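Report on one structure; see the data block that follows.
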Amino acid sequence: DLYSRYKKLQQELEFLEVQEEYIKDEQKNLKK
Amino acid sequence: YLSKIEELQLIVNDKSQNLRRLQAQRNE
Amino acid sequence: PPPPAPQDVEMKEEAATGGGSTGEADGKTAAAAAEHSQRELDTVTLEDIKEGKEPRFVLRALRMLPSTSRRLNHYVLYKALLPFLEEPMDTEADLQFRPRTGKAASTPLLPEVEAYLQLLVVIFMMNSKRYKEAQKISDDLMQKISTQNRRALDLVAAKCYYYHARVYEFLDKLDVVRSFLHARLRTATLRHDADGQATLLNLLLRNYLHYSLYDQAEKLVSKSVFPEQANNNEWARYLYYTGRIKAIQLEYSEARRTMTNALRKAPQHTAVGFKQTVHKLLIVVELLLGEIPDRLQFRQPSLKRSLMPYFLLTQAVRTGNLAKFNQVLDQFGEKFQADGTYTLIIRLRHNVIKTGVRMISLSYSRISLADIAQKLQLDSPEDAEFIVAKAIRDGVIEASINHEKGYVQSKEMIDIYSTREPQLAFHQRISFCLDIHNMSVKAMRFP
Amino acid sequence: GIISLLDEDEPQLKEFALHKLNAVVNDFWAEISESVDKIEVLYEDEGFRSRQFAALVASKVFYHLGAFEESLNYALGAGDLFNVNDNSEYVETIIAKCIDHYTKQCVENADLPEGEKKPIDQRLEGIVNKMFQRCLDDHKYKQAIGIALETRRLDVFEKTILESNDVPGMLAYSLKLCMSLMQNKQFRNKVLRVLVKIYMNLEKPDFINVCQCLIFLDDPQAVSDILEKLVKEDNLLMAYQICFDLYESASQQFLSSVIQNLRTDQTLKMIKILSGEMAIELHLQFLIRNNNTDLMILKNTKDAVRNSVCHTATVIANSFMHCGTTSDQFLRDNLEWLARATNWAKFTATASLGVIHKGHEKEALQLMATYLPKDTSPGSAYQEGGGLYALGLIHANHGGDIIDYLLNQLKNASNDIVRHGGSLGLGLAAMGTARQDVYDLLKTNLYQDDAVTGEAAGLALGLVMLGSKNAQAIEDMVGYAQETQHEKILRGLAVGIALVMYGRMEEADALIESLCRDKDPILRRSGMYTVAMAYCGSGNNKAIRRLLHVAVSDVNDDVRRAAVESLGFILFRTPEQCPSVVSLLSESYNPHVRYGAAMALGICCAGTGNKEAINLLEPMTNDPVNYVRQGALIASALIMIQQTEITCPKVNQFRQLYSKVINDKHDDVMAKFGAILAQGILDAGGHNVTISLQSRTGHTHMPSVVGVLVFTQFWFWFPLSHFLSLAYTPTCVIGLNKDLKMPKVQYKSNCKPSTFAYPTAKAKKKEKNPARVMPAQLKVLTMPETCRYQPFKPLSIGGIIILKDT
Amino acid sequence: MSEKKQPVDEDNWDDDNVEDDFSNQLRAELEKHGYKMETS
């Protein structure tokens, strides 16, 4: 299932990057 | 190797989670 | 009791090194490999300094369910070469610890290299390294696991590459090992990258040496990225050859800066016959520029032993006596030829005249043409005028020679007061230091 | 001297040069690089003696370089020669890199649905198919499917399903695994339909395997066709299970259409099994016969009374505990305590009684005649409105003449007081019917201009048109919201707009942007809800990204809270990552963001506990703000259902905490608020039922999503707690050999007794009786094959299953 | 990480640069320089 696992790891990075943007945006709001 | 080594490249992208922990500490 | 004590401490150190690497490899990624492997590599270097009992410890390193403590008792029980190299795999497969198996394969090779047989037995160690290399080839190519071995055992492969270089040094050279390194470069082209390729390529340049400078030119095209320079010593090694390439290529001015940067990055002692070679290239290239560098600033004692020639040669460059330079060249031709910078000395024999003109340019704002002829002992004033055209050269103040009454006007740059004329001059300098503010971003990222 | 050979213009020399370059590419990479311009002319030159070989050496110029696109250009020149090196150390990676170029180009072609897809290089496609053939030779289904969806070509996918022709796992539930990781529904539906066709090609088409087409494709004719085949072969036993499975797994709509296809003996049986009303009655029978409900816990909460929210909190909590049981013993014991509730909370209390009686259906309507206002008090108009709301709850999720009768009652009902709950009940009862008459009556309540009745109408308007994607309905609601001065109507309408756009996934994105764009905060809250409903049970990054920006950007706390609630609804399908996003949000300056995060963490995990999620909830309970505290207690309870002390260490501690806060007068009345309700959530249906928004098939549960989303608005509106009651799936398993016959079935879980204990490894049932059983126990349960009655369907998980009688 | 590789290829200092500058010179020892001025 290496082809399926490649999609699964790719999904994990996509979710993490999507969440990573949120932390920086809220942190900037906290600075204000 | 195309669909069994490309998944390995996504493992390289896993380090971004470590950056997310560092930024999470700043949020706190 | 005195012979067993070295064996007990070394075995305990190896056990701690194995345990730390294995535990980290089991948990997480990136932090899993090379977190302490570089520390383990320096510990391995200490083990190399501190010394057959090590092969018995290697024997049957792993069998199946973890029994390392029981295995340590078994190693003591043996107390109470080529067969030993393949003995642990033959006696029982590890059944796990794939990164550890490569480290376990590496541990016997270091004593074989320490023996320095310079014989077929050392080549047999090279064959054992080739077997270890095959495991490294399959670490990501056949095994679909994370690159713990690429992150850590590639450094082990680099040590094996250096051992392979030792075998070739005993014989001639192996371009095929460099081709294998090119295959490793293809692995570097993949998800993970290593800079060991440049160091072996430097050896390839070295093997061709004077006979071929194309390999150095090929190296310039081969130059890619890897600015991480995690070893740092590796960056100095890359810089030392890169500076050598420029010096032989007549780019002396760029080379001296590169050598100075390379000289700064020498954490290892490099006490005898080592750092002195890096120092030798920097001093010769500065002499080739014509600026005179006194040896008092650095003067490493080992640099000094090789510097009895260069130091007299530096005095000869200052002196106007060709015969003194000739005596230095004939008497001290040896050793400089061993350095391989002897060709640079041969070009330097013509360069002696340039040093005097540079001194004149700093000393006199508007020197007379006849005076230049007296200072450099030119046979005729017309020869001095010809020398003045050579004096303009490049990277010096505009001569702006009248060619008549003005003679060698050699007018210096004016309004160089760090004012409007140098406004670019003293603002550009700040931009570079302010650019180094990147260190605050890089370290902030690490947490 | 490769350049020197090129300098002489001889065709034999041209062949000699390429052969020499092939011999030592590594030794002189620069020499090929210096002559690359000459090599490129030769590689593209037909006149060149070996342009294909020149292309092969051109890839060698890029052997040191990493450019895959240049290698693809070399493949065009090489033609067969690139294919000839099917396996060659470095070239194998370069052809794989070309395969990566091929998949991205093919994915782009798949993206274009208007045709004019850019042609794949034939030579590039040839290396890809040849390597794909090697995967078929390898026989790995995974390797064969490795380029199947990368190319996004069904024809290649048919070859991949064939693979080495073993087709065992692929000819079964491989579709379910692919659907979970599938990114595009449009490409997925083609894969799903073709895979069910391959399952049909197998001599026996498994009903579970063909179930995915039955529910995800949702084609009414296709389910009718398989049902017709079952009638043709007279396989009633197989037919009985698929019809019941369809009713539980998917909503009506197409299910109603197949019932219509079936209607125009076996015919009567097939209509009844598809309707699944008898199964709902069996679930009511399971609840009434078996309820693990402790009166003492209710009495302990009853003794401590603030005399305000407590009366409302206790009545809803008991209603959850007795939902469908019809055992209103607590109401019978206290008459003065029930009388204490004011006319409004009393309206909610009669609706709570409907939740208790939500199982008898038509029989319950006859029982409600005893609780009818003329039978009870004519003076209490709110009790009359609550009775209408209770009637709707009893028939909720069911379409019937009773729903039309409720509409007739609504026509004769008072415009405001009766329609405060009467419209809400009718809409819940008619949810998904999309009847024009109910829509018109709801519009009449909407145009009444009274927001309190209108808010009920707005929620009802969303329920009836849920999933409709009706432009006219959305336009009417958005237009009324713009013109409605009262905020209360806007809040009810805001839930309604989200309900109408259900599972769009991209259909309502323009509307979602417009609501977020709208200056009004309530409309923006509706937009966050619209993100949740359109992307319910979807991990789609686009929905998360819009939610991510709005929660940070919107100053209004209510909008920020709505966004956090939305994050939970979208991530129910993948709840493992649901706590991680919440943990940073759980600690924040806003009381609303912390309260929202606690609510969000509970909903995405739902009945399941992530352990990290349970640990995160405990500090939220100790948070200083009472509003955050009340949310934490309820959120923990939602996780607590489907859990026992053995499974989770703090399950008893949270139960003790709820009793402690109710017991302590010093604890804020607002803080305790839902702790008594939380005890009801854990004890709902005697602990027998639990909240699950996802089917075992992976289909989203339409009642579950509606109940949870409305439950978040329950803080905005107290009666919306009744909406949560609909979403309470039982953990019991139905095992009947015949539809009208209950066989004695004794499946044994063979699991540790502590999991079985509800506040020796074996399990037994009598005259199946369906009774609460842990889903983990259902996973490890062993069917009674030795017993005369043994399930025909494998009892892998709890639910209606075929049973075989010897 | 010892490089190795290249073995194949004040009290007694600080004033060394100053000493080197006039090591060839200073034959006059300054006193002769004064005598040269006297002849001038």
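By convention here, the chains of the structure tokens are called A, B, ... in the order presented, each chain's residues are numbered starting at 1, and ligands are numbered starting at 1 in the order presented.
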Selection near residue 27 of chain B, 10 Å with only C-alpha atoms, sequence-local residues under 3 positions removed, as an mmCIF file with C-alpha atoms, in the first residue's frame:
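Written output follows (part_35.cif):
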data_model
loop_
_atom_site.group_PDB
_atom_site.id
_atom_site.type_symbol
_atom_site.label_atom_id
_atom_site.label_comp_id
_atom_site.auth_asym_id
_atom_site.auth_seq_id
_atom_site.Cartn_x
_atom_site.Cartn_y
_atom_site.Cartn_z
ATOM 1 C CA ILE A 23 -0.948 29.809 14.562
ATOM 2 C CA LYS A 24 1.072 32.633 12.950
ATOM 3 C CA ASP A 25 -2.108 34.608 12.109
ATOM 4 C CA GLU A 26 -3.476 34.373 15.695
ATOM 5 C CA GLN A 27 -0.003 35.169 17.121
ATOM 6 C CA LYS A 28 0.071 38.385 15.020
ATOM 7 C CA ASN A 29 -3.433 39.249 16.354
ATOM 8 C CA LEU A 30 -2.123 38.651 19.927
ATOM 9 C CA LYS A 31 0.772 41.091 19.260
ATOM 10 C CA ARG B 21 5.431 23.339 17.977
ATOM 11 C CA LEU B 22 7.911 26.278 18.201
ATOM 12 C CA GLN B 23 5.243 28.753 16.945
ATOM 13 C CA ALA B 24 2.644 27.156 19.294
ATOM 14 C CA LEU D 584 -3.929 25.953 21.072
ATOM 15 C CA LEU D 585 -7.446 27.489 20.648
ATOM 16 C CA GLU D 587 -6.171 28.444 25.769
ATOM 17 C CA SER D 588 -7.078 32.012 24.616
#
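For chain B, the residues within 9 Å of chain D are residues 1, 2, 3, 4, 24, 27 and 28 of chain B, with only C-alpha atoms used to measure distance.
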Output of the above residues as a PDB file, in the first residue's frame, restricted to N, CA, C and O atoms:
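Saved as part.pdb:
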ATOM      1  N   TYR B   1       9.405   2.394  -7.645  1.00  0.00           N
ATOM      2  CA  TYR B   1      10.129   3.364  -6.781  1.00  0.00           C
ATOM      3  C   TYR B   1       9.411   4.713  -6.830  1.00  0.00           C
ATOM      4  O   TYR B   1       9.532   5.488  -5.873  1.00  0.00           O
ATOM      5  N   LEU B   2       8.674   4.976  -7.910  1.00  0.00           N
ATOM      6  CA  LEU B   2       8.028   6.304  -8.063  1.00  0.00           C
ATOM      7  C   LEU B   2       7.020   6.530  -6.931  1.00  0.00           C
ATOM      8  O   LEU B   2       7.009   7.641  -6.377  1.00  0.00           O
ATOM      9  N   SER B   3       6.215   5.520  -6.592  1.00  0.00           N
ATOM     10  CA  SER B   3       5.158   5.712  -5.562  1.00  0.00           C
ATOM     11  C   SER B   3       5.602   5.140  -4.212  1.00  0.00           C
ATOM     12  O   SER B   3       4.773   5.107  -3.287  1.00  0.00           O
ATOM     13  N   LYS B   4       6.846   4.664  -4.122  1.00  0.00           N
ATOM     14  CA  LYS B   4       7.363   4.131  -2.834  1.00  0.00           C
ATOM     15  C   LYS B   4       8.517   4.996  -2.312  1.00  0.00           C
ATOM     16  O   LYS B   4       8.939   4.764  -1.165  1.00  0.00           O
ATOM     17  N   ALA B  24       3.713  27.382  18.295  1.00  0.00           N
ATOM     18  CA  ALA B  24       2.644  27.156  19.294  1.00  0.00           C
ATOM     19  C   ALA B  24       3.120  27.691  20.644  1.00  0.00           C
ATOM     20  O   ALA B  24       2.301  28.273  21.378  1.00  0.00           O
ATOM     21  N   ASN B  27       2.648  31.312  20.719  1.00  0.00           N
ATOM     22  CA  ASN B  27       1.217  31.689  20.851  1.00  0.00           C
ATOM     23  C   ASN B  27       0.898  31.715  22.342  1.00  0.00           C
ATOM     24  O   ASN B  27       0.267  32.684  22.799  1.00  0.00           O
ATOM     25  N   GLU B  28       1.359  30.700  23.068  1.00  0.00           N
ATOM     26  CA  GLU B  28       1.146  30.668  24.535  1.00  0.00           C
ATOM     27  C   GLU B  28       1.906  31.825  25.193  1.00  0.00           C
ATOM     28  O   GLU B  28       1.349  32.431  26.115  1.00  0.00           O
TER      29      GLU B  28
END
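Rounded to one decimal, atom CA of residue 394 of chain D and atom CA of residue 722 of chain D lie 10.6 Å from each other.
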Residues of chain C that have any atom at most 7 Å from an atom of chain B: could you tabulate them with the shortest-distance atom pair and the distance in Å to one decimal, using only C-alpha atoms, ordered by chain and increasing number, as a Markdown table?
| residue | atom | partner | partner_atom | distance |
| --- | --- | --- | --- | --- |
| C:144 | CA | B:4 | CA | 6.7 |
| C:146 | CA | B:8 | CA | 6.7 |
| C:191 | CA | B:9 | CA | 5.3 |
| C:445 | CA | B:19 | CA | 6.8 |
| C:447 | CA | B:22 | CA | 5.7 |
Contact set, chain A to chain D: 8 Å, only C-alpha atoms, as a list in words: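 Residues passing the distance filter: residues 1, 2, 3, 4, 7, 8, 14, 15, 18, 19, 22, 25, 26 and 29 of chain A.
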Long-range neighbours of residue 390 of chain C as an MDAnalysis selection string, 12 Å cut-off, only C-alpha atoms, 3 positions minimum in chain: chainID C and resid 351 353:354 357:358 383:387 393:394 396 399
For atom CA of residue 669 of chain D and atom CA of residue 723 of chain D, the interatomic separation in Å (one decimal):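 These two atoms are separated by 24.0 Å.
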Within 10 Å of chain C: residues of chain D, using only C-alpha atoms, as a ChimeraX atom specification: /D:26-31,33,63-66,89-90,93
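From atom CA of residue 76 of chain D back to atom CA of residue 121 of chain D, the distance works out to 7.2 Å.
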Distance filter 9 Å, only C-alpha atoms, chain E against chain C, as an NGL selection string: :E and (1-9 or 13-17 or 20-21 or 24)
Requested write-out: C-alpha atoms of the selected residues, as a JSON list (two decimals), in the first residue's frame:
[["chain", "number", "residue", "atom", "x", "y", "z"],
["E", 1, "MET", "CA", 37.40, 15.31, 12.98],
["E", 2, "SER", "CA", 41.19, 15.62, 12.40],
["E", 3, "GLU", "CA", 41.83, 16.50, 8.73],
["E", 4, "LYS", "CA", 45.16, 14.60, 8.47],
["E", 5, "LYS", "CA", 45.32, 14.02, 4.65],
["E", 6, "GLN", "CA", 48.02, 16.69, 4.00],
["E", 7, "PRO", "CA", 51.12, 15.32, 5.97],
["E", 8, "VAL", "CA", 52.14, 13.84, 2.55],
["E", 9, "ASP", "CA", 52.02, 17.39, 1.02],
["E", 13, "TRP", "CA", 58.62, 37.26, 17.50],
["E", 14, "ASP", "CA", 56.40, 40.38, 16.92],
["E", 15, "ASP", "CA", 59.64, 42.36, 16.31],
["E", 16, "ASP", "CA", 60.37, 39.73, 13.60],
["E", 17, "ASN", "CA", 58.44, 41.88, 11.04],
["E", 20, "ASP", "CA", 62.95, 41.70, 8.76],
["E", 21, "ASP", "CA", 62.33, 45.22, 7.39],
["E", 24, "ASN", "CA", 69.41, 43.69, 5.18]]
Might you pull out every residue within 10 Å of residue 112 of chain C, with only C-alpha atoms counted and same-chain residues fewer than 3 positions away left off, and present them as a PDB file with N, CA and C atoms, in the first residue's frame?
ATOM      1  N   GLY C  52      41.563  -6.789  18.940  1.00  0.00           N
ATOM      2  CA  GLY C  52      40.968  -8.124  18.731  1.00  0.00           C
ATOM      3  C   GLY C  52      39.791  -8.334  19.666  1.00  0.00           C
ATOM      4  N   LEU C  81      40.796 -12.359  11.894  1.00  0.00           N
ATOM      5  CA  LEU C  81      40.316 -10.963  11.716  1.00  0.00           C
ATOM      6  C   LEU C  81      39.245 -10.931  10.621  1.00  0.00           C
ATOM      7  N   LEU C  82      39.556 -11.482   9.444  1.00  0.00           N
ATOM      8  CA  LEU C  82      38.603 -11.468   8.301  1.00  0.00           C
ATOM      9  C   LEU C  82      37.360 -12.288   8.660  1.00  0.00           C
ATOM     10  N   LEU C  85      35.252 -10.248  10.867  1.00  0.00           N
ATOM     11  CA  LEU C  85      34.559  -9.129  10.172  1.00  0.00           C
ATOM     12  C   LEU C  85      33.163  -9.598   9.746  1.00  0.00           C
ATOM     13  N   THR C 107      32.126  -0.665  13.008  1.00  0.00           N
ATOM     14  CA  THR C 107      33.045  -0.775  14.180  1.00  0.00           C
ATOM     15  C   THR C 107      34.283  -1.654  13.935  1.00  0.00           C
ATOM     16  N   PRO C 108      34.241  -2.855  13.309  1.00  0.00           N
ATOM     17  CA  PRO C 108      35.462  -3.627  13.012  1.00  0.00           C
ATOM     18  C   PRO C 108      36.398  -2.950  12.000  1.00  0.00           C
ATOM     19  N   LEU C 109      35.835  -2.176  11.072  1.00  0.00           N
ATOM     20  CA  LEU C 109      36.659  -1.540  10.011  1.00  0.00           C
ATOM     21  C   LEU C 109      37.681  -0.602  10.656  1.00  0.00           C
ATOM     22  N   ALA C 115      45.171  -0.900  12.133  1.00  0.00           N
ATOM     23  CA  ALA C 115      46.294  -1.826  11.874  1.00  0.00           C
ATOM     24  C   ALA C 115      47.153  -1.236  10.753  1.00  0.00           C
ATOM     25  N   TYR C 116      46.521  -0.585   9.769  1.00  0.00           N
ATOM     26  CA  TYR C 116      47.279   0.063   8.665  1.00  0.00           C
ATOM     27  C   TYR C 116      48.186  -0.980   8.016  1.00  0.00           C
ATOM     28  N   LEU C 117      47.621  -2.149   7.713  1.00  0.00           N
ATOM     29  CA  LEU C 117      48.411  -3.254   7.114  1.00  0.00           C
ATOM     30  C   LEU C 117      48.987  -2.791   5.776  1.00  0.00           C
ATOM     31  N   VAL C 121      44.787  -7.593   3.382  1.00  0.00           N
ATOM     32  CA  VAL C 121      43.894  -7.601   4.579  1.00  0.00           C
ATOM     33  C   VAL C 121      43.185  -6.244   4.671  1.00  0.00           C
ATOM     34  N   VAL C 122      43.904  -5.146   4.422  1.00  0.00           N
ATOM     35  CA  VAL C 122      43.259  -3.799   4.398  1.00  0.00           C
ATOM     36  C   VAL C 122      42.248  -3.767   3.243  1.00  0.00           C
ATOM     37  N   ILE C 123      42.592  -4.366   2.099  1.00  0.00           N
ATOM     38  CA  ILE C 123      41.642  -4.449   0.949  1.00  0.00           C
ATOM     39  C   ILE C 123      40.433  -5.295   1.369  1.00  0.00           C
ATOM     40  N   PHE C 124      40.647  -6.336   2.178  1.00  0.00           N
ATOM     41  CA  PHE C 124      39.514  -7.152   2.691  1.00  0.00           C
ATOM     42  C   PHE C 124      38.610  -6.265   3.551  1.00  0.00           C
ATOM     43  N   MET C 125      39.200  -5.356   4.331  1.00  0.00           N
ATOM     44  CA  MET C 125      38.374  -4.395   5.108  1.00  0.00           C
ATOM     45  C   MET C 125      37.578  -3.560   4.103  1.00  0.00           C
ATOM     46  N   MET C 126      38.204  -3.189   2.982  1.00  0.00           N
ATOM     47  CA  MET C 126      37.500  -2.417   1.923  1.00  0.00           C
ATOM     48  C   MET C 126      36.336  -3.257   1.396  1.00  0.00           C
ATOM     49  N   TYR C 163      38.483   5.496   4.280  1.00  0.00           N
ATOM     50  CA  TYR C 163      39.254   4.228   4.373  1.00  0.00           C
ATOM     51  C   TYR C 163      39.527   3.724   2.952  1.00  0.00           C
TER      52      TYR C 163
END
From A:32, A:11, A:16, A:6, residue lying nearest chain C [only C-alpha atoms]: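 Result for the nearest residue to chain C: A:6.
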